[PDB]
Every structure is written in structure tokens, then in C-alpha cells.
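Here is the structure we will look at, set down as C-alpha cells.
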Amino acid sequence: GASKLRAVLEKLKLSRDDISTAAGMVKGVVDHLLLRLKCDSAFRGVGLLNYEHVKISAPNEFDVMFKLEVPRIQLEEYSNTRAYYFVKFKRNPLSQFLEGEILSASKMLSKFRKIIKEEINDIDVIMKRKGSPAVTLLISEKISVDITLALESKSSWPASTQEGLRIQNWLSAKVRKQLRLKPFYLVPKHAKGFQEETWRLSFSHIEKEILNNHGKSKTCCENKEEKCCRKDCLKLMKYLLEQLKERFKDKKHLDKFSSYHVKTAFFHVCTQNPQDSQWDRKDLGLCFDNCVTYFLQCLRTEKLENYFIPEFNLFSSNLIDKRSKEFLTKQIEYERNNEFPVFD
Ligand SMILES: Cc1nn(-c2nc3c(F)cc(F)cc3s2)c(O)c1C(c1ccccc1C(=O)O)c1c(C)nn(-c2nc3c(F)cc(F)cc3s2)c1O
Ligand SMILES: [Zn+2]
Numbered sequence: 003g004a005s006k007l008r009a010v011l012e013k014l015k016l017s018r019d020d021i022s023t024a025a026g027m028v029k030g031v032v033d034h035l036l037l038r039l040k041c042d043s044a045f046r047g048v049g050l051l052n053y054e055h056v057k058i059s060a061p062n063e064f065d066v067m068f069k070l071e072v073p074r075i076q077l078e079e080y081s082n083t084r085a086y087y088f089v090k091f092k093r094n095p096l097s098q099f100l101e102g103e104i105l106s107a108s109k110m111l112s113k114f115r116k117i118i119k120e121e122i123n124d125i126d127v128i129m130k131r132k133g134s135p136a137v138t139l140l141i142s143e144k145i146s147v148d149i150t151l152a153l154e155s156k157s158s159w160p161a162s163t164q165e166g167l168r169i170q171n172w173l174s175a176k177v178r179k180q181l182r183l184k185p186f187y188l189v190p191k192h193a194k195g196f197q198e199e200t201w202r203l204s205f206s207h208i209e210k211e212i213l214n215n216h217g218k219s220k221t222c223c224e225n226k227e228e229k230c231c232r233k234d235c236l237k238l239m240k241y242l243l244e245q246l247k248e249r250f251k252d253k254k255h256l257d258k259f260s261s262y263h264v265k266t267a268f269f270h271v272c273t274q275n276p277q278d279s280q281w282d283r284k285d286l287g288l289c290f291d292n293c294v295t296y297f298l299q300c301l302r303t304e305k306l307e308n309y310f311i312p313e314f315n316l317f318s319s320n321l322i323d324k325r326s327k328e329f330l331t332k333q334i335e336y337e338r339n340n341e342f343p344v345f346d
């Protein structure tokens, strides 16, 4: 059924051609928002990080990160979670959001939301409150934009990342060092009621960079000889999960699975298969099959290390229970045995 996979990819490309216009609407609203926000003393250095689509099958649902540099940050890991932190300061335009020594995600979300509500009120845009994403904008008839606030730190990545991003045999030890000199991000995100002043690490910019500059060869996919199917494999994996989540929206079994699980699984497969010749475009069928198989193996063993924080198990039974993983395992295996009927 490799041809059927290409059929899917054809459809997905069409949907992207016919959304350029929507992305224009989004850029205009977002540019407006950023100008107003930059006049607030708290948000003076607000900017775009890189739009993106968390759901490949939802072309009108956009996703945008507003970054804000926080100099001289000091992090305090929450409860050995490796991914969630309290934000302190070494020595402040954010001082108004302090709860004691801690930058309050609650308060900084409050103001972020207030200001956005103001500007939307002045513009045919409508808003709705969602911590990350913080708000959802309705633009025109059927365009949504989730906006995440993200603190930026130009300091060294936290200790939990020391053994992560194991790209050395694939993208190289040089690239790994360059990427770890880039900043990292913190999004407001409560941890399990719930600890309500934690911030979670975010490496979405690094994920973006790897996906778009993904070969061992620097010229991978820039000529006929070197076309690979890495990006097509990830698209197919995302579309598979999205179709299944839609199909079983009435069950609780697939609610905790997201595109981040699929994308994490994929990067692990890139690590296991570092040579570009292992991703020949002519081998799309077996390449996707081997991505599907890897994700399934993560499901059955309940092991999916965060690609950047290897001690963080995305498939822990504290996060997703065994029954849910077994259901998804059964459904994917059915799809794969039947040439993926869910695609149509
Ligand atoms: C990737 C993703 N996909 N997805 C869906 N996919 C589907 C789908 F496929 C079908 C469907 F119907 C519905 C959805 S929604 C989603 O919501 C996300 C969220 C996200 C998207 C947009 C705004 C905010 C969030 C957010 O919550 O932060 C997301 C992001 C971008 N990063 N991230 C993590 N990064 C780290 C990390 F760096 C370290 C660590 F230890 C843990 C984590 S977790 C995470 O969880
Ligand atoms: Zn390539």
C-alpha cells in the first residue's frame, strides 16, 4: 500500500497550498499583537520564536509561540521531574510577577491574557481563554490561533538535558554543540491537585531545526540523488494518530496521546537510522512501516524517553495507563495489517 501513502501525502500538500491565505491573516493579527505587547514594560522584549500546525489534518488551526528573554534566570527543579522548574532570578521588569523568590506563572499568565484581550477588543478578531496554550484567537470565520507564552534563557541548558539530543552519529557532534549553545525556553505549565507555579522546558525550536535540516549529508533532499523520506514519514505518523484520535474521540483511551509522542518516537528512529541511504524516498513504504513499528515497541514496553531529557519517560504509567497504550497498539496494528483504511 505504499501508493496509498503517497496518495495521503498528495492530499496533505494540497491542503497546505490552500492555506497560505489563512497564514497571512494570522501573521497580520500576530504582528499587531506583538507591537502592542512590546509597549508594556513587562513584555518589552517579546517576539516570535521562529506559525506551526500541531494537527496536520487541521490546516486552519494555527499555533504560535511568543518568546520573552529573561536574563540571569535561576532554575529550581520541581520534585525531581527533570522537565518542570521554578523560575528565580540571580539579580527586574518582571518583579511585579514575583511570589516571594519565584516568578509566578499564574500572575504572568493573567497579564499576558489581559493585554491580548485588550487588543482583540479593539480589532473582527475574537478571543477565548484556554497554562500553555494561554489563549485561542478566532480570526475570521474558521481560523484559530493558540498562543503560548515562553520565557527565553540564553544560559546553559539545564542538567537534565546533559545526556539528551543524541544526534552525534547522525547530525554530528559539531551540530549538537552548536544547538546546545542556542537558548532554551520555559512555558507556564502546572505539574501534578497540581503545582501551579511550575514552568516546563520547551525545545520546539530545536525540533524544527532538526526536521528541516535532517540529513547526514548537508545536501540531503536538495537534489534528485539525495531525496529522502524522513519528513514524509513523520507526516504519515502524525496523520495516523490524528485520524485515530478523531475516530475514537468518544473513548478516553486516546486522549493523552499527542503529536509530541509521535515526533519524539520519530527522532529516536532518526538516531537509530543515521545514514541517509536508510531513508531512500523509493523505500517510503518500509521506512514508514519501521517508524510505525518503533512507536508500537515504545507502547508495548511503556518506554518513550523525552528526546532532550532522557530521564523523562513520556510513556510512564504515571502519565498514561497501560490499557490506553494497549488500545492504541491494537488499533495501529489493525490499520497496518489492513493497509491503513483510516487514511481514507
Ligand atoms: C507537540 C504537541 N502536539 N499536541 C497535539 N497533538 C494532537 C494530535 F496529534 C491530535 C489532536 F486531536 C490533538 C492534538 S494536540 C500538543 O498539544 C502539543 C503540545 C503543545 C502544542 C501547542 C502549544 C502548547 C503545547 C504544550 O502543551 O506545551 C506540546 C509541545 C509543543 N511541546 N510539548 C512538550 N515539550 C516537552 C518538553 F520539551 C520537555 C518535556 F519534558 C515534556 C514536554 S511536552 C507538548 O506537550
Ligand atoms: Zn532528506
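Last residue of the sequence shown: 346 in my numbering, with the numbers rising by one and none dropped.
All C-beta atoms, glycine included, are put in the ideal place defined by N, C-alpha and C.
For residue i, three-class secondary structure by DSSP
i	result
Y80	coil
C223	coil
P343	helix
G49	strand
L139	strand
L242	helix
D278	helix
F91	strand
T266	helix
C235	helix
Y336	helix
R168	coil
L330	helix
Anticipated Cβ contact below 8 Å, residue i with residue j, distance rounded
i	j	result
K191	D278	Incorrect: roughly 36 Å between the Cβ atoms, too far for contact.
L167	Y309	7 Å
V344	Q245	4 Å
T163	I311	6 Å
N315	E307	6 Å
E154	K69	5 Å
Closest by C-alpha distance to residue i, when choosing among the options
i	options	result
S134	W201, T163 and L70	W201
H207	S59, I117, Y53 and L288	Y53
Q98	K92, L321 and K113	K113
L173	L213, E307, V31 and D346	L213
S17	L37, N275, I58 and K40	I58
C235	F196, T83, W281 and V28	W281
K327	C300, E307, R338 and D346	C300
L39	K109, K90, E120 and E337	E120
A267	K305, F250, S157 and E248	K305
Boundaries (first-last residue) of the alpha helix (DSSP H) holding residue i
i	result
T303	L286 to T303
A4	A4 to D19
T23	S22 to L39
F114	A107 to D124
Endpoints, the beta strand (DSSP E) within which residue i is located
i	result
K179	Run containing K179: none in the beta strand (DSSP E); it sits in the alpha helix (DSSP H), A175 to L183.
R74	Element bounds for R74: n/a, residue is neither H nor E.
Residue i beta carbon near ligand 1 (any heavy atom closer than 7 Å)
i	result
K258	no
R74	no
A85	yes
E63	no
heavy atom of ligand 2 below 7 Å from residue i C-beta
i	result
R232	yes
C293	no
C223	yes
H216	yes
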